[PDB]
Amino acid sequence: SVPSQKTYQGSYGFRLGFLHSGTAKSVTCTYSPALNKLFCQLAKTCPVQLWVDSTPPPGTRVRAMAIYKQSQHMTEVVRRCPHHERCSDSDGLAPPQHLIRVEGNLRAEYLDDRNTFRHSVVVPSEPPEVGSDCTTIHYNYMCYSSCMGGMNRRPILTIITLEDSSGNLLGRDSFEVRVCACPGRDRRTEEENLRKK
């Protein structure tokens, strides 16, 4: 009923990385290591780095899925709100109900799980470009955390899984997400609250 969120590096040493984008009022995506939390504007590019210590086999894939963070909501499928699922903003590949999209990857596949009804987006895993030490996937979040009838102010986590060609688990990592109008201010506010507590 609930996908695992346990961090698991696995045989290949899989883990995520994030850029250091700062907290200026104009920032569109920013990651807080102290909160393990990404703050981003609606439908803006969120770069997520994929790091491994050793090379996984051909056919390895990378899946992203959102779940509610609070235990009393974990069994509810995270989906776009009644407004955004109808707003005709599809990219030609993502179903309009899906919160998480991958940008700029024609091999992205979108799954509606036939048993759990949860949504996810999966891409073939690829090595870095020549000159780079990690692979970057660009995600978009297609509703605000506040959207009524959707996330409705409830915090979510994104779970990133490294999978073999059958979908078996090779590695797992995760981070909280807030989709909001002013990620820089909200990151500063939440980090201050953490320090005060």
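The first residue of the shown sequence is 1; numbering continues from there.
Judged by mean Cα B factor in the deposited record, 73 to 81 ranks above the other of 73 to 81 and 118 to 126. Mean C-alpha B-factor is higher over 64 to 72 than over the other stretch, the pair under comparison being 156 to 164 and 64 to 72. When the C-alpha B-factors of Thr45, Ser26, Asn36, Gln49 are ranked from the entry, the top spot goes to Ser26. Ranking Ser32, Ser145, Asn140, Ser132 by Cα temperature factor from the entry places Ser132 first.
The PDB entry assigns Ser21 a C-alpha temperature factor belonging to the middle third of its chain's modelled residues. Among all modelled residues in this chain, the alpha-carbon of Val179 has a temperature factor (C-alpha) in the lowest third. In the deposited entry, the Cα temperature factor of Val102 sits in the bottom third of values across the chain's modelled residues.
Remark: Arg188 belongs to the highest third of its chain, ranked by C-alpha B-factor as recorded.
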